[PDB]
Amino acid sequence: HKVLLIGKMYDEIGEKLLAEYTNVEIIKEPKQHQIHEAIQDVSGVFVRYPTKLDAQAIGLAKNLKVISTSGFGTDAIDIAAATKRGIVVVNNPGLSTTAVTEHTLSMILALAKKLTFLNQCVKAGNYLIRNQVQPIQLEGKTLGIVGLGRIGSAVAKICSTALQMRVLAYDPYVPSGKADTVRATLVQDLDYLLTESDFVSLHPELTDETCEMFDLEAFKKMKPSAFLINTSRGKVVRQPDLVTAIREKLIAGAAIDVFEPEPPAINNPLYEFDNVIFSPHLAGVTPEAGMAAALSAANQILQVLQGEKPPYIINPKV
């Protein structure tokens, strides 16, 4: 059998597992015509996000049995065209879940400890600022998690048990009782999470309800001493309302890994404040997370090519 890598994988480990059992062709920097001239006599396809997979390419693929995406995004693959030709469309999500949770923990602790601000002062000979800064102790503070999914649960679990925090959670579409498996308390009114929390960490899916969910109206309800952490999606915060929340001191600070205009401009107003800490959308980027994405893509190809059902099919009708 033959397997086509439409673009490189996140790590070479998945390229060797496939080449171990199949014949692998790699298309680096894929063009539209290049897919058709190689997808014909091919049994498995790996699509690196965000390159497109036409209904044309699926049709020119006659022996195609499994198409695998690089991560969570499946919006560039014609899912409808594959359910007709019997092709199984498989996903690879959540494979950077421990990486993002470690990252948000990093940012919660940095905000509480004023890590970035204290580092700059010491480096500027201003060691003496220690008489003007009070680090925050996380123990006993309440951490409100918006989105009790893969990442929110793991973040809640660590903050509730190891860090001894009171953890509240807002997630309408999660089984009531899930929060107890993780030592959080499920909350039905998001206003209650805002008024009780000293730290707010966003982990929801970007739906048509969470887009710009965190408004200036939400910020006014939060404690002046509270912080915001966002490793989810940029659009979950109305970025202009966050700029005024910091400037008007409605909020004590914020840690951001995702941006609404992404990439953010050079002239971003948030960069002005020591209040605000950034990372360039790297929360889920660790070497181990890349291998898990590569290994999960190679394993789900071999499962379909041999009979067995893979775990992440978007095509249950096959």
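Each residue number is its position in the shown sequence, starting from 1.
Look at the mean CA B-factor for 85-93 and for 156-164 in the entry; the higher one is 85-93. Mean C-alpha B-factor is higher over 129-137 than over the other stretch, the pair under comparison being 226-234 and 129-137.
The residue among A292, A38, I256, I266 whose C-alpha carries the highest B-factor in the deposited model is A38. When the Cα B-factors of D198, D180, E205, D78 are read from the PDB record, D78 comes out highest. In the deposited entry, the Cα temperature factor of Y49 places it in the highest third of its chain's modelled residues. For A252, the recorded CA temperature factor ranks within the lowest third of the chain's modelled residues. Among the modelled residues of its chain, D274 has a C-alpha B-factor that falls in the middle third, as given in the PDB entry.
The PDB entry assigns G73 a C-alpha temperature factor belonging to the highest third of its chain's modelled residues. Ranked within its chain, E288 lands in the lowest third, by CA B factor from the PDB record.
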